[PDB]
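Here's a solo chain for you in structure tokens, the form deposited in one PDB entry.
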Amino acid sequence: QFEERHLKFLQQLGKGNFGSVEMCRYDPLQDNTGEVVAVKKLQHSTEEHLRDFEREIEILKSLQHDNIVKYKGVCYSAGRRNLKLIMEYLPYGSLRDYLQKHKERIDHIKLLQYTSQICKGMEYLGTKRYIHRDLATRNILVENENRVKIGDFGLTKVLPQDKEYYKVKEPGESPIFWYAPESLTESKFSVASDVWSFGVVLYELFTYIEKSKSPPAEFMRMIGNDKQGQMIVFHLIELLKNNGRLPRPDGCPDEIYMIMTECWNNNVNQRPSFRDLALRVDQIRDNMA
């Protein structure tokens, strides 16, 4: 129950898919003692986007986990237009930028620490029957050198009880190079498609976000930068159906790549669970230490 005349804009932190996040100071006493918080707002506040935003707020507020960004509250302007979501501010930004920043002091054990935390966050999501749908290092935030948190839930959906997937297609851009094949062909999203995307996240981490090694660059080279608009996705589909896959990143051990390729199974039922992913990653971590 923060109200916007005490929210002082400091800078933009991110621009999402119909929303953006600002770094602000909440200073109700107006003496510069208040906390720095993150404030998410819609950029073009239609009725559909606002109903989606309210569902997103309910989801985040229902999550309490060390590797999920903390909900703090909501902000309203006269009436209830201009809805704003108040969250904890995490000072090291997104894991994509952090990792690109500190390439030279983040070793493989540190990557596997982040990996384990992401899987525990995702397993908690699954226990709530939430499907994230936008798992990527740009949507993971760094609280400190030893803790990351899943940081955005704009595309997250609740499963119907009678079903284990959720069919949804949205207008606009979709992170198709993180999408499982059944999400590309049938718009089916499930815990298993989140596992596919987590494999892509793991690939990202072990590339250290090298520009020419991004999933989009690699896939566009594999189908050819000659492709064009939606013909593009069509070719992606066929490449994935013939087991075309992102390569093992430089310096990636063979067992970490084995985890990646196991998450990238065409057979939706043969992808590992998040509990098993965490177990294997933790055993590799223990071996390295």
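Residues that one form lacks are left out of the comparison. Residue numbers run from 1 along the displayed sequence. Note that the rigid core is defined as the largest set of C-alphas that superpose within 1.5 Å between two forms.
Beyond what is shown, the protein has a form deposited in another entry; the following relates to that form.
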Which of these moves by 2 angstroms or more at the C-alpha between the shown form and the other one, core superposed: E170, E186, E145, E210? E170
Establish whether a shift of 2 Å or more occurs at the C-alpha of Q113 between the shown form and the other one, with the two forms superposed on the rigid core. no
Taking the cut-off of 3 Å or more as given, in which direction does the distance between the C-alpha atoms of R80 and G73 change in the other entry, closer or farther? farther
Change in CA distance between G172 and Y166 in the other entry, which is 3 Å or more, as closer or farther: closer
Pull up the moving segments between the shown form and the other one: at least three consecutive residues, every CA shifted by 2 Å or more, rigid core held fixed. 79-82, 169-173
